[PDB]
Amino acid sequence: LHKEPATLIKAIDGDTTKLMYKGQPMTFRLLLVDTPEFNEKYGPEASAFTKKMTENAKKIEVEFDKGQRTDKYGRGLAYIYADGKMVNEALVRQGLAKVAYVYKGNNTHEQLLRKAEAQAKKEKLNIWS
Ligand SMILES: Cc1cn([C@H]2C[C@H](OP(=O)(O)O)[C@@H](COP(=O)(O)O)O2)c(=O)[nH]c1=O
Ligand SMILES: [Ca+2]
C-alpha cells in the first residue's frame, strides 16, 4: 500500500472525516474500525480524539487498501495518517474504537489493529473499562 496526500476540511466524528483528496472534498470512513456514534457512550470521546489528532496534524495522508475504495454511501475507505501515525490504529489502541467491518480484500492492517485492541482491552481502557 502507499500513502497519498490529503488535507483536512472538517472533522466529523470518531471514524469519519471530511478531507480534500486529489483536490475534491470527500467524506472518508476509517477502514477496519467502529467508534461509538456521538450519541453513544464514548462517542463524544472518540469524536474529540479523532478531531484533535487530525486538526493538530501538519500532514494528513490517506492509504487505500487493495479492494473497494468507496462504500455504498460514496465515503472513501482508507487508513488515515496524521504526521505518520495511523488514526485507525490509535483509536483502537486507546479503546475508543473496536476492530470491526473486516471485509476480505480490504484487510491489510487487520492484525496490527487487533494487536492494539488486545493491548487496550488488557489496560481496561475506555470501551473496555
Ligand atoms: C467500514 C465500512 C463500512 N461499510 C458500510 C457497512 C455498514 O452498512 P450499514 O449502513 O448498512 O450498516 C456501514 C457502517 O458504517 P458506520 O459505522 O459509519 O455506520 O458502512 C462498508 O461498506 N465498508 C467498510 O469498510
Ligand atoms: Ca460508527
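FYI the Cβ positions are ideal-geometry reconstructions off the backbone, even for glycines, and counts take in every protein chain you see. Since every read-out is calculated from the coordinates, none of them should be taken as a lab result.
Judged by the mean number of other Cβ atoms found within 10 Å, the most tightly packed of the peptides 71-79, 8-16 leads the ranking 8-16, 71-79.
Calculate, in whole percent, how much of the Cα-Cα pair population of the stretch 15-57 lies beyond 11 Å.
Above the 11 Å cut-off, the stretch 15-57 has 69 percent of its Cα pairs.
Highest mean packing first, where packing is the average number of other Cβ atoms within 10 Å per residue, the peptides 118-126, 61-69, 41-49 line up as 41-49, 61-69, 118-126. Express the Stokes-Einstein translational diffusion coefficient of the chain in µm² s⁻¹, to the nearest whole number, given a Kirkwood radius over alpha-carbon pairs, 20 °C and a viscosity of 1.002 mPa s. The estimated diffusion coefficient comes to 149 µm²/s. Taking the average, over residues, of other Cβ atoms within 10 Å as the packing measure, peptides 32-40, 85-93 rank 85-93, 32-40 from highest down.
Rounded to whole numbers, the Karplus 3J(HN,Hα) couplings from phi for the stretch 83-100 are 6, x, 9, 7, 5, 3, 5, 4, 4, 5, 4, 8, x, 9, 8, 9, 5, 6 Hz, using 6.51 cos²θ - 1.76 cosθ + 1.60 with θ = phi - 60°, and x at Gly and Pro.
Quickly estimate the mean residue ellipticity at 222 nm for the chain, helices only: each DSSP H run with n ≥ 4 gives -39500 (n - 2.57), and the total goes over all residues, rounded to 500. Write down the numbers at each step before the final one.
Numbers: 3 runs with 33 residues, N = 129.
The per-residue figure over the chain is -7500 deg cm²/dmol.
Projecting each Cα onto the charge dipole of the chain (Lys/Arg +1, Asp/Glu -1 at the beta carbon, about the Cα centre), which of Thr54, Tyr81, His2 comes out farthest on the positive side? The listed residue farthest towards the positive side: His2. A simple count of charges around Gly95, restricted to other residues whose Cβ falls under 13 Å of its Cβ and scoring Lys, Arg +1 and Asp, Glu -1, yields +1.
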